[PDB]
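Peer 1: Before I ask anything, here is the structure I am working with.
Numbers and lists here come from the model and the stated rules, or from a named source; no laboratory read-out is quoted. Every residue, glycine as well, gets a Cβ built from its backbone with ideal geometry; the counts of neighbours run over all protein chains shown.
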Amino acid sequence: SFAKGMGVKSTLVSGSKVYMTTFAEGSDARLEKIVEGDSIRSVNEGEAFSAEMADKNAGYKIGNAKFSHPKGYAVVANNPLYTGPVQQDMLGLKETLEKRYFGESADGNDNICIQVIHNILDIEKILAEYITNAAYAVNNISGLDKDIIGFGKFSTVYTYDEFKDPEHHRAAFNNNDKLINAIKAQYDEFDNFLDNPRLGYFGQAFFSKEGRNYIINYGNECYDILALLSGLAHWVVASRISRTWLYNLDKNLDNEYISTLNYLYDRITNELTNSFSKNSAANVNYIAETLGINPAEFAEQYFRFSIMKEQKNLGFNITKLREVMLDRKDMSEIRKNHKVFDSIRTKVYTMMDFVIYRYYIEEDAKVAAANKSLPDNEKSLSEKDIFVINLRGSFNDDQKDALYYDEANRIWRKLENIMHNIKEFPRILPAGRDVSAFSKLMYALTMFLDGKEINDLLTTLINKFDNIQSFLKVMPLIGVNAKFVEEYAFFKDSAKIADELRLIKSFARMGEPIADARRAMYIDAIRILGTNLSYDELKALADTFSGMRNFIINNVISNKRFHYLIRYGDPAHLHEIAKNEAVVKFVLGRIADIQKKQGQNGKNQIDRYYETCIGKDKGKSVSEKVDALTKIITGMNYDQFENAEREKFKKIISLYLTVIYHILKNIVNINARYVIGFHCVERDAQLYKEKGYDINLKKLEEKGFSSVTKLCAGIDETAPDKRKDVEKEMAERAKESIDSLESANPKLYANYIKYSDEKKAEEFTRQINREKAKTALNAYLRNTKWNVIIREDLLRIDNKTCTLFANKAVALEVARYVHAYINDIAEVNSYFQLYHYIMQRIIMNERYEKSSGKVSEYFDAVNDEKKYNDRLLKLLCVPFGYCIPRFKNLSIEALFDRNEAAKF
RNA sequence: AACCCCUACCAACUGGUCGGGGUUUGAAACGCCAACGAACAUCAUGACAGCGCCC
RNA sequence: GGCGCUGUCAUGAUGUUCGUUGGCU
Ligand SMILES: [Mg+2]
């Protein structure tokens with residue numbers, strides 16, 4: 001919107017006043033407006049924007065801002081006091097969440113608390129995707145008999161001394177006989193699993209660095225890490241781990257688990273410092289021997305500038321200055337000589353970047369001091385600002401280089417000696433105990449994930465905490481003095497956690513598999529590419545593994561895209577998901593056509609493999625390239641190993657894994673959204689119970705998870721005991737509403753008389769639905785149309801199907817059983833279709849008794865036309881009916897995906 | 001685009017024309033130039049081990 | 001010592017998606 005970027009950020013309500021906010025430094029906020037009655041009382045000296053009363057006091061005609069409307073129309077901001085008192089949450093749960101989170105402090109006559117609470121609510125839902133992926137990764141690697149790190153596996157409240165030997169530590173168990181034997185079985189399983197060579201795929205969590213080769217830690221650390229991951233799983237989905245576990249960590253966990261988290265944080269931070277101080281000892285030795293300056297301060301800027309982010313808004317590429325600087329004849333041996341400079345390329349480039357940055361900073365500081373001494377009107381812009389202005393004025397690529405060459409030349413004229421010397425040849429991180437356990441556990445969670453997921457998670461968490469801290473800073477100035485209850489007391493120091501997460505981002509990267517677990521990785525690699533050898537002979541080839549063998553080792557074990565799918569390891573399966581030549585077209589077609597749509601200017605992704613597989617010639621068309629590589633993705637059997645034609649299968653390994661990676665990640669992301677939906681329905685059921693409504697929470701599993709939708713839909717019509725009374729009440733209320741219509745809205749009553757006699761019959765039929773809508777409990781299910789749709793849906797639900805849907809969504813069965821039913825789909829046009837076809841097939845496998853009628857017809861449809869049925873999905877999203885946006889986004893193809901909106 | 005709110009005329013009001021607002025809706029609060037950090041793939045570059053061919 | 005390609009890493013160059021800073025109307 002134009003008003004938001006125009007200079008207006010938020011419009012808050014406290015008491016009878018209105019508190020606008022214009023932007024401030026970073027994500028913070030500054031108060032600029034005070035609206036009361038019909039008055040204008042802008043506070044700041046410099047008016048960021050001007051607003052005045054609009055017509056009928058229904059808004060503010062914002063104007064005289066930085067930039068105006070492109071087509072010349074008034075921009076009006078809604079008055080929050082127009083309707084009446086403070087607007088309510090669409091779910092109608094403002095008071096209960098305010099009381100739960102802020103206790104009795106929150107008065108309730110404000111509009112800032114429930115904006116802070118929703119950020120915590122989004123923190124609760126973001127971690128679902130990443131814990132789902134992390135738990136699936138460990139689940140796949142061993143412990144596949146029944147489950148590992150599940151809802152009943154590990155408790156992180158049992159000390160390892162009390163876990164290994166329950167007999168000697170029976171004091172805390174109150175002398176129980178079943179639990180001790182169950183935990184003995186669990187300890188047997190853990191001891192068997194800890195020695196598994198398959199455990200090497202994960203990095204610093206389990207196999208730690210000692211010297212040239214990784215060494216497994218003691219069982220204490222691994223047991224603690226598994227227990228903590230199981231504790232995260234327990235906290236998210238609900239026992240000593242309630243809904244407030246991660247928020248209260250130090251006082252809840254035993255000293256041993258906190259010791260393990262401190263050990264991991266110390267490991268990573270100390271590794272960074274020791275590396276960049278004495279293991280990259282050449283860099284520090286150059287840092288000390290650079291100029292006549294204090295070594296400690298120089299190192300303090302060097303480390304803070306290199307690894308962290310401080311380049312900020314200086315406005316130009318330093319690296320291209322250094323490129324022009326290297327282009328000269330004096331330092332040509334940097335490129336000409338490859339014997340010695342190759343191992344110090346990064347050091348040299350970083351040092352040149354640092355010295356340029358430091359020169360610019362020092363000049364800026366000196367010029368700023370001079371200008372502060374001088375009058376403000378006459379300002380010396382200095383060289384960095386004149387350079388920025390020159391770059392801004394230019395509008396040609398080559399002309400930019402014409403402007404840009406001179407700066408490098410003159411700085412070389414100034415920086416001769418240090419560059420000649422380079423060419424010729426105070427701990428900062430926050431301890432290991434001051435950091436909260438939340439940050440360490442987030443790091444441990446990221447340590448199981450992929451490169452992109454880490455960045456997404458930490459970026460979103462940082463943004464949410466910045467929002468929280470800015471709102472907390474705004475709270476006192478607007479007259480709200482609500483405080484934090486002891487249970488939810490973690491959110492007071494949101495800024496500190498934000499800083500810790502920023503540092504984690506500065507060192508949160510992938511761990512990468514070990515080099516000691518190669519023996520099992522050969523087995524999994526040969527399994528993925530269609531092996532068919534007998535398992536006795538296959539284990540024989542495994543033990544003898546360490547002809548085409550050498551190819552497997554050298555060109556397979558270390559494949560970059562191999563470490564992206566093995567983390568989702570399904571050895572026995574996963575070769576039948578890219579086996580039918582009707583789903584490879586879709587993923588390749590989509591990526592090549594849309595994602596790499598700018599391959600017209602060079603070698604694309606599919607273009608490279610097409611060129612190397614067709615015979616290094618031919619340029620027919622994109623579609624012919626999509627339908628030619630699929631026949632090479634399909635039938636990637638190991639059993640074959642005219643030889644040149646067979647070599648294509650070796651030639652196209654790196655795309656196979658990419659296809660499987662896309663498919664699996666899309667499936668798990670969709671499943672994670674469905675898990676988010678069910679977590680939301682559970683928490684909303686609990687909240688509606690706490691508010692004081694009529695609900696049965698114990699029998700929520702038995703009923704088809706439709707308790708919340710049934711309650712929020714309004715009056716009850718499923719019970720056949722008093723249908724006559726309900727019908728009579730609705731009829732009399734509709735009749736009363738129709739009779740007293742002129743006083744309600746005279747304009748409609750004026751036209752009502754001219755209607756025909758039968759149109760009155762339709763009007764009464766619709767007024768019955770109108771009254772049933774009036775008898776509801778929610779804002780979403782208050783308009784008649786969605787209420788009648790949901791009411792029609794509710795009458796046709798089968799509870800066992802819903803229960804199976806929920807159980808298989810939570811248990812992640814689809815990502816573990818996809819191989820069974822994927823070859824019986826004729827056409828695929830969206831990931832939605834594939835996921836849901838798998839869903840109805842898994843529901844197929846069980847429900848074959850006592851389902852005569854609608855569900856029977858729908859499953860008949862899946863078996864025959866081999867395409868997922870939209871109506872079955874619409875009946876299976878009934879548990880999601882109290883939030884209409886979510887109900888649509890999880891049942892309509894067009895509205896599911898934000899990226900996919902152009903075609904629909 | 002979905003979903004809720006708002007001015008002006010129409011309008012069963014379960015619907016529309018010129019438009020605005022929404023961190024308190026769903027994974028979801030901001031017109032260009034000029035830069036920063038993460039991941040994706042291609043060209044060129046020296047070094048590594050290898051799948052096969054010639055002297 | 002060469003012909004064809006694949007796979008790791010470090011330097012460099014170009015295009016896409018998310019999120020950040022300063023300037024312009
Ligand atoms: Mg929100």
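Peer 1: Being farther than 18 Å from A:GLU124 by Cβ and part of a helix (DSSP H, G or I) is the filter; apply it to segment A:470-491 and report the residue that is nearest to RNA strand B (Cβ to nearest atom).
Peer 2: By that ranking, first place goes to A:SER470.
Yes or no, residue by residue, for (1) surrounded by 15 or more Cβ atoms within 10 Å (Cβ to Cβ); (2) part of a helix (DSSP H, G or I); (3) among the hydrophobic types (A, V, I, L, M, F, W, C):
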residue: A:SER737; (1), (2), (3): yes, yes, no
residue: A:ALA744; (1), (2), (3): no, no, yes
residue: A:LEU748; (1), (2), (3): no, yes, yes
residue: A:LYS760; (1), (2), (3): no, yes, no
residue: A:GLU763; (1), (2), (3): yes, yes, no
residue: A:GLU771; (1), (2), (3): yes, yes, no
residue: A:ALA776; (1), (2), (3): yes, no, yes
residue: A:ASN787; (1), (2), (3): yes, yes, no
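Peer 1: Tell me which of these A:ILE131 doesn't satisfy, since it passes every other one: (1) within 16 Å of RNA strand B (Cβ to nearest atom); (2) farther than 19 Å from A:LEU441 by Cα.
Peer 2: Unmet condition: (2).
Peer 1: On the given criteria, is A:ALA901 within 16 Å of RNA strand C (Cβ to nearest atom) and either assigned to a helix (DSSP H, G or I) or in contact with a helix residue (DSSP H, G or I) (Cβ under 8 Å, 6 or more places away or on another chain) (or both)?
Peer 2: Criteria met by A:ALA901.
Peer 1: From the list A:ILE514, A:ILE577, A:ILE497, exactly one residue is of a type in the set (A, V, I, L, M, F, W, C), more than 25 Å from A:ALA820 (Cβ to Cβ) and away from RNA strand C (no atom under 16 Å from the Cβ). Which is it? Lay out the reasoning, then the answer.
Peer 2: Working: A:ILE514 fails: away from RNA strand C (no atom under 16 Å from the Cβ); A:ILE577 fails: more than 25 Å from A:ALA820 (Cβ to Cβ).
Answer to the selection: A:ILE497.
Peer 1: Now for a different question. Restricting attention to segment A:597-623, and to residues there that are surrounded by 10 or more Cβ atoms within 10 Å (Cβ to Cβ) and among the polar types (S, T, N, Q), which single residue is nearest to the ligand (Cβ to nearest atom)?
Peer 2: A:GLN605
Peer 1: So for segment A:708-726 (the condition being farther than 24 Å from A:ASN696 by Cα and small (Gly, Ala, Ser)), does at least one residue qualify?
Peer 2: no
Peer 1: Could I ask something else about it? Hey, can you tell me all the residues within segment A:634-678 that are part of a loop (DSSP other than H, G, I, E, B) and either of a type outside the set (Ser, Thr, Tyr) or more than 18 Å from A:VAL828 (Cβ to Cβ) (or both)?
Peer 2: Within segment A:634-678, A:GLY635, A:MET636, A:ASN637, A:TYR638, A:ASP639, A:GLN640, A:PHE641, A:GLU642, A:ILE652 meet the criteria.
Peer 1: Could you check, for segment A:472-488, whether at least one of its residues is surrounded by fewer than 18 Cβ atoms within 10 Å (Cβ to Cβ), on the phi > 0 side of the Ramachandran plot and either out of contact with any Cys (no Cβ under 6 Å at 6 or more places or on another chain) or not assigned by TED's automatic domain parsing to the domain that holds A:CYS222 (or both)?
Peer 2: yes
Peer 1: Another question, then. So in segment A:316-337, with the set limited to residues that are of a type outside the set (D, E, K, R) and loosely packed, with under 13 Cβ neighbours inside 10 Å, which one is farthest from A:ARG509 (Cα to Cα)?
Peer 2: A:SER332
Peer 1: Could you run through segment A:18-69 and say how many residues are part of a strand (DSSP E or B) and hydroxyl-bearing (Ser, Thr, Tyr)? So that I can check it myself, show each step before the final result.
Peer 2: Of all residues in segment A:18-69, those part of a strand (DSSP E or B) come to A:18-23, A:29-31, A:35, A:50-53, A:59-63.
Pick out the ones that are also hydroxyl-bearing (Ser, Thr, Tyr) and you get A:19, A:21-22, A:50, A:60.
Residues in segment A:18-69 being part of a strand (DSSP E or B) and hydroxyl-bearing (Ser, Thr, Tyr): 5 in total.
Peer 1: Restricted to segment A:64-95, and to residues that are surrounded by 15 or more Cβ atoms within 10 Å (Cβ to Cβ) and small (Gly, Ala, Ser), which residue is nearest to RNA strand C (Cβ to nearest atom)?
Peer 2: Residue satisfying both the conditions and the ranking: A:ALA65.
Peer 1: From the list A:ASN377, A:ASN371, which one is polar (S, T, N, Q) and not in a loop (DSSP other than H, G, I, E, B)?
Peer 2: Working: A:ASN377 fails: not in a loop (DSSP other than H, G, I, E, B).
Going through A:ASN377, A:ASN371 in turn, just one is polar (S, T, N, Q) and not in a loop (DSSP other than H, G, I, E, B): A:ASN371.
Peer 1: So which residues in segment A:97-136 are buried (at least 16 other Cβ atoms within 10 Å of the Cβ), of a type in the set (S, T, N, Q) and in contact with a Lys or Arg (Cβ under 6 Å, 6 or more places away or on another chain)?
Peer 2: A:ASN119
Peer 1: Could you grab the pairs with beta carbons closer than 8 Å, sequence gap of 6+ or different chains, first residue in segment A:312-326 and β-branched (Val, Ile, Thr), second one within 6 Å of RNA strand C (Cβ to nearest atom)?
Peer 2: Matching pairs, first to second residue: A:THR319/A:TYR349.
Peer 1: Please specify each residue of segment A:539-559 satisfying the condition of being away from RNA strand B (no atom under 16 Å from the Cβ), within 22 Å of A:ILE653 (Cα to Cα) and over 40 Å from the mean Cα position of the chain (by Cα).
Peer 2: First, pick out the residues of segment A:539-559 that are away from RNA strand B (no atom under 16 Å from the Cβ): A:539-544.
Next, only the ones that are within 22 Å of A:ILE653 (Cα to Cα) stay: A:541-542.
The one that is away from RNA strand B (no atom under 16 Å from the Cβ), within 22 Å of A:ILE653 (Cα to Cα) and over 40 Å from the mean Cα position of the chain (by Cα): A:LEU541.
Peer 1: Additional query: Being of a type in the set (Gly, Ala, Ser) and either more than 12 Å from RNA strand B (Cβ to nearest atom) or part of a loop (DSSP other than H, G, I, E, B) (or both) is the filter here, so list the residues in segment A:304-347 that pass it.
Peer 2: Scanning segment A:304-347 gives A:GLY315, A:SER332.
Peer 1: Name the residues in segment A:203-253 that are touching a strand residue (DSSP E or B) at 6+ places or on another chain (Cβ under 8 Å) and either crowded, with 20+ Cβ neighbours inside 10 Å or under 18 Å from A:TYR130 (Cα atoms) (or both), would you?
Peer 2: Scanning segment A:203-253 gives A:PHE206, A:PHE207, A:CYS222.
Peer 1: Report, by residue number, each residue of segment A:98-136 that is away from the ligand (no atom under 16 Å from the Cβ), small (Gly, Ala, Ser) and assigned by TED's automatic domain parsing to the domain that holds A:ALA482.
Peer 2: Within segment A:98-136, A:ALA134, A:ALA135 meet the criteria.
Peer 1: Now, a different point. What number of residues within segment A:75-126 satisfy the criterion of being away from RNA strand B (no atom under 11 Å from the Cβ) and touching a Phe, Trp or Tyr at 6+ places or on another chain (Cβ under 9 Å)?
Peer 2: 7
Peer 1: If I filter segment A:449-468 down to residues being surrounded by 21 or more Cβ atoms within 10 Å (Cβ to Cβ), of a type outside the set (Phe, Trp, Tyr) and in a helix (DSSP H, G or I), which single residue comes out as farthest from the ligand (Cβ to nearest atom)?
Peer 2: Restricting attention to segment A:449-468, the residues satisfying the condition of being surrounded by 21 or more Cβ atoms within 10 Å (Cβ to Cβ) are A:449, A:454, A:457, A:461, A:465, A:468.
Then keep just the ones that are of a type outside the set (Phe, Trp, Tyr); that gives A:449, A:454, A:457, A:461, A:468.
Now narrow it down to the ones that are in a helix (DSSP H, G or I): A:454, A:457, A:461, A:468.
Values: A:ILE454: 23, A:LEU457: 17, A:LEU461: 15, A:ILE468: 12 Å.
Here the answer is A:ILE454.
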